[PDB]
Structures are given as C-alpha cells and as structure tokens.
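This report concerns only the one structure given below.
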Amino acid sequence: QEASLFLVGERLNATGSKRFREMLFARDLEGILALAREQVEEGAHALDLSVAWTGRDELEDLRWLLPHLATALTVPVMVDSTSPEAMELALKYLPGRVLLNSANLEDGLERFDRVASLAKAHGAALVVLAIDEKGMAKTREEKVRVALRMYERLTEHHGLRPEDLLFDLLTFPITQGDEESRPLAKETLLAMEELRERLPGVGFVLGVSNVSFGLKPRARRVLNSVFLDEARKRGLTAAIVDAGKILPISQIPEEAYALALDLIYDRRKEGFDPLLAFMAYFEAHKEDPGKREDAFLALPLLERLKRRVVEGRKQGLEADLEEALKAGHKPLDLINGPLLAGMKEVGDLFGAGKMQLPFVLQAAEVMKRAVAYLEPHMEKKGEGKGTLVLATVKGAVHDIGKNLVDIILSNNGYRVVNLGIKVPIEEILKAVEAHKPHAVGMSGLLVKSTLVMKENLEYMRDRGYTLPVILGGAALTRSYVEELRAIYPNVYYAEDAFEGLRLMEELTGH
Ligand code: COB
C-alpha cells in the first residue's frame, strides 16, 4: 500500500543463527556467501550482520568477512554491534551501503552520541533502540518518552534528518507463557502508532522473529507474519525478518489469523488462554472439540479433577471442588491424591517430549487455583509454635512443593516466611537475621540444585550458623543429606511436606 516494507535478512547473526555461528567459527566463506545470496533471492532488501560473540575478537572476524561481502553483494548491510571501531571498519569496506544497528541511552549519552556521529558523518541510516538508563522500555508511555528524548538529541545536537532514523521500540517474546509479558507486543504497537503521528518522517523497525520465540516452526511463521502486518499498519517501515518465512495475510487461515491476534493483543476471554489456543491450533490429532469436551465431562469426579490439572482446564474447577467437598472428600486428600497425581503425569508427558513447556505452566496454574480455593476448608490447628524461613535455592524454579509446605505448616501453627525462588544464600541468611526462625528450609529439584545446597551449608558453617536446615527436593536422597551432616550437623532430609511438619514439631518440642 503506502510503500513496501524494507526487509532485512536476519540470518547472518552469530547470536541468533546457530548455523551462521558455526559457519563463522569454521571459516566457511562459501557457506556464508551462499546464505547471504539465498536471503536476497528469498526477498530480502538488505542483510543484518552480527559477528559479536562472547570470547571472540569481533574486529578480527569482520576484517575477514567484510571484504568478501563487499564485492559479493549489491544490497546494504545493517551492522549489528556495540563497538564503534567495528562500525567504522564496516563503514570503511561498505561505504554508502550501511545502517548502524544499536544506538541507545543504556550507558547514557556518551555511547549514543558516538554512534550517532558516525551515522551523521558517513551518512548512514541509524537504528535507535528504546533503551535508557532505567533499562528497556516495556510500556508505550516509556517507549514514547525514550524515543522523543532521543529524537530531540539526534535532530538537534547531531542534525540527523528524520528520514535517516529507524526507531526500534522493542520486540519481546510473548510465547513463554509468563503473565508479565502478555502485553509486550501490544505496548510496542501502541507506541508505534502514537510516535508515527508525533514524529512524522521517522522510520520504524522491529526484530519481528522474537515475538514468537520457542514455538513450533509453523506457529512462528504465522505469529511472525501477523505481527509484521499489524506493525506495518501502525507505521513500520523496515523489518528484521526471515524473508523466506513470512506469509502474506491472504494466505493465513481465518482461525489462525484470529488466534494470532488474540495472542498479540492478549484478548483473554472467560474460558480461553490465547497462547495455548494458538499453540493447540498447530497440533495434529485434533478431536471433535465437542467430542473431547463430552468425553471429559463424562469422567468420574476424582478422575476429572486429575484431568483438569493435566489438560490445564481452569473453567469449572471451583464447581467440581465444591462438589467434592459436598461428598465425603477432605482438602488435603484432594491435593495429595488426584491433583498432585495430575502434576506427576504432566512431569512424565513433558519428560517424554509429548507436552511443551507453557502447558506445564498452565497445569501448575490449575493446581495453584485449586489449592487457593481449598485453603480455607483445611483445618487450622494451633498458633505461634515457631518460625520457618523457607526458600527455593539459587537457580531452581519449582515451588509447588515449597508452597504446600507453607500452607501445611502455617495451618499447624507455624509462622512461615516464604522468600520465593532463586534465593541466594546471602538473601536467605539476611531473612534469618531478620525473622530469627527456628529453622530454614531450602527446596530444589534438579541435581545441580543439590550441589548448591552443599555450598549453602558450607557457607552457613563458615559464618558460625547452627540453626536447623531442612532440605527437600526430587534429586535429594536421605543418604546424601546424611553425608552433608559432616559439613552442617543439623541438616534434615524431607521426603514430603508432612515430614517437614514432623521435623518442625520435633525441633520446637511438640
Ligand atoms: C509437590 C510437587 C509437585 N510437582 C511440581 O512442582 C511440578 C513437577 C514437574 C511436572 C516435574 C516432574 C515431576 N514429575 O516432578 C518437572 N517439572 Co520442570 C518441567 N517444571 C515444572 C514447572 C514448575 C512450575 C512451578 N511454578 O513450580 C516449570 C515450568 C516452571 C518447570 C520448569 C523446568 N522444569 C525443567 C525440568 C528439566 C524438569 N522438571 C521436572 C522437575 C522434571 C523431573 C521433569 C522432566 N520432564 O524431566 C525435570 C527435571 C529432571 C532432573 N534434573 O532431575 C526445566 C529445566 C525445563 C526447561 N527446559 O526449561 C525447567 C527448570 C528451570 C530451572 N530449574 O530454572 C513442573 C510442573 C515440573 O512435588 P515436589 O517434589 O516439588 O515436592 C515434594 C513436596 C510434597 O510434600 O515436599 C517435598 N519438598 C520439596 N522441597 C522441599 C520439600 C519439603 C520441605 C519440608 C522443604 C523445606 C523443601 C517434595 O520434593
């Protein structure tokens, strides 16, 4: 329509493409030049280039590759770097054909102006990321604030033309399933629309592929393509894409289109989760939606509760729990029986490669809602028997166990200070000094997490501590915690939350 979109080929990027990385390391010139020509045939108008890698001499790599790209391509190169010397080198070999990638305010005005001056001086296009000193702009209001500040500086101090600018309000993944990043696509799109109006004549660019990160190939292609189009509609001029894997909107089935939008704009309904629905669309072995729903509703009460956790079925949960409390079913039994049995099954399915990670998250969300609704119906016996600082150790994220321990001990008269997850030993002991607890609990599921526990106890030993530490987790074995007593004589293994209770009871003298 208004003008075609300037496509930038993403593939020559050490951070992004594993294939390019390995090609670069191996010094596969023919491989790289093939990959460049290929992207242009597939419809790219320019090529992003990033050779920066942890432990590699950026400048060396560029000195090698650039002379070749120079002669072997007609199209422009977008140089993706934080080193000005690198940008200079690129500007040397490819005069007139360069767009400079990062220019931003993360480390203040110093870095920003250095890059901008180059752009001005070598008459190169400039990309401007919406990142300031407080970090990445995640909302529109932020993305706009930052852009405008930058625009002022670029146009007045450097005298760059609007036309010479490309604003990258950022592209975040919305596919990992965490609640916090549901609207980060939407907020970018809103900013773009507002800035197109307030800053006429500037360009906009996005690294489109990111929005979809870690979905199946086919799903990415759709989500990428719909995002690209919606950004275009709101003023996008350039796009860092895989040119060969963007579908025109006319070729995307109506359902997939709508699901992609549902996800991008976070159009939550009552009984719908956009992300999971979008994922589900691409899965094969699709039953009659009505047939599946009927098969489910036909299950026994306990078996249906289980399947709610596995299939991640939030809606009608409180209904079913209400029903089970009406029959002779006790809260703790519903958890330690059908609900946790579901959680085990999720484990096995994820382990077999039969379930993707966000579905596991949604399973956990059903479990948490379930326990939230059941917590008032559990017995609340005793009060103020003692205190427990409880936490998941460095680099461990699983916490359904931890939280059950919280609930059960809290219900049996213990004060539980739950420090949440990934808690370093420093922070744990800070809270120990604060709350003066009778014991410390450390959760962690994976093997590596047990070695952290060992380190944690070494640390605690060395700073004089002797209060009881209760360790729990899958990979933990009682035999192993017995050995740890050589480091810290007051460690205890806990198989389950009830053992935690039993230990706390013995330790406080009940
Ligand atoms: C009650 C609780 C229910 N179960 C659960 O919480 C979930 C079990 C499940 C299915 C795992 C398989 C399984 N069958 O266990 C699995 N995940 Co998960 C896919 N996971 C998740 C889920 C958790 C969500 C949450 N908010 O907690 C997440 C998506 C976040 C998840 C994430 C990961 N997961 C991952 C993996 C690999 C595994 N995950 C496992 C643990 C498992 C075994 C499954 C697998 N499939 O292979 C993998 C680990 C193998 C191993 N190392 O040995 C990984 C790396 C996946 C990824 N590639 O990103 C990632 C971990 C990142 C990291 N550590 O940073 C889940 C759901 C699982 O059991 P529990 O053992 O925690 O508690 C139990 C409890 C009950 O009474 O008391 C005990 N206890 C535990 N701690 C303490 C105590 C008791 C006391 C008294 C204490 C003071 C502390 C005792 O250990």
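Simple scheme: letters A, B, ... for chains in structure tokens order, numbers from 1 for residues in each chain, numbers from 1 for ligands in the order shown.
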Find the residues near ligand 1. Use a cut-off of 6 Å, count only C-alpha atoms and all ligand atoms, and write them as a JSON list (two decimals) with C-alpha atoms, in the first residue's frame.
[["chain", "number", "residue", "atom", "x", "y", "z"],
["A", 343, "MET", "CA", 1.04, -32.93, 38.37],
["A", 344, "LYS", "CA", 3.10, -36.13, 38.24],
["A", 346, "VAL", "CA", 2.45, -33.57, 33.48],
["A", 347, "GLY", "CA", 6.02, -34.38, 34.50],
["A", 348, "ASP", "CA", 6.05, -37.66, 32.57],
["A", 350, "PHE", "CA", 6.96, -33.19, 29.47],
["A", 351, "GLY", "CA", 9.83, -35.65, 30.02],
["A", 357, "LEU", "CA", 6.61, -26.07, 28.42],
["A", 360, "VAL", "CA", 3.20, -27.37, 32.08],
["A", 361, "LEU", "CA", 2.93, -23.80, 33.43],
["A", 364, "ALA", "CA", 0.67, -25.54, 37.61],
["A", 395, "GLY", "CA", 18.76, -21.33, 40.00],
["A", 396, "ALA", "CA", 15.80, -23.56, 40.96],
["A", 397, "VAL", "CA", 12.28, -22.56, 39.94],
["A", 398, "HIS", "CA", 9.92, -25.33, 41.03],
["A", 399, "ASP", "CA", 7.94, -24.27, 44.05],
["A", 400, "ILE", "CA", 4.66, -26.17, 44.28],
["A", 401, "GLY", "CA", 6.32, -28.32, 46.89],
["A", 402, "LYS", "CA", 7.66, -25.34, 48.82],
["A", 405, "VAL", "CA", 4.98, -26.81, 52.99],
["A", 441, "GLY", "CA", 14.01, -24.69, 54.53],
["A", 442, "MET", "CA", 15.73, -24.98, 51.17],
["A", 443, "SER", "CA", 13.91, -26.56, 48.18],
["A", 444, "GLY", "CA", 15.41, -27.55, 44.83],
["A", 445, "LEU", "CA", 14.56, -30.19, 42.29],
["A", 446, "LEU", "CA", 17.44, -30.77, 39.87],
["A", 447, "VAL", "CA", 20.82, -32.38, 40.59],
["A", 470, "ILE", "CA", 15.55, -28.75, 56.23],
["A", 471, "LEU", "CA", 16.40, -29.74, 52.65],
["A", 472, "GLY", "CA", 13.85, -31.09, 50.22],
["A", 473, "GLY", "CA", 13.58, -31.92, 46.55],
["A", 474, "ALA", "CA", 13.37, -34.64, 43.99],
["A", 475, "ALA", "CA", 17.03, -35.36, 43.34],
["A", 494, "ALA", "CA", 12.35, -34.10, 53.97],
["A", 495, "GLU", "CA", 10.59, -36.51, 51.61],
["A", 496, "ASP", "CA", 7.31, -34.54, 51.65],
["A", 497, "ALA", "CA", 5.57, -31.63, 53.39],
["A", 500, "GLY", "CA", 8.61, -31.08, 57.15]]
All residues 10 Å or closer to residue 78 in chain A, only C-alpha atoms, same chain fewer than 4 positions away omitted, as a PyMOL selection string: chain A and resi 8-10+46-50+87+90+97-102+124-127+240
Taking the chain letters and numbering used in this document, name the residues of range 79-206 of chain A that DSSP puts in helix (DSSP H, G or I), as a ChimeraX atom specification. /A:84-93,108-121,140-156,162-164,179-181,184-198
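Counting only C-alpha atoms and comparing A:6, A:359, A:25, A:296, the residue that lies closest to residue 57 in chain A is A:25.
Counting only C-alpha atoms and comparing A:235, A:420, A:328, A:437, the residue that lies closest to residue 3 in chain A is A:235.
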Calculate how many Å separate CA of residue 206 in chain A from CA of residue 239 in chain A, rounding to one decimal. 5.2 Å
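Of note, CA of residue 391 in chain A and CA of residue 175 in chain A are spaced 27.5 Å apart.
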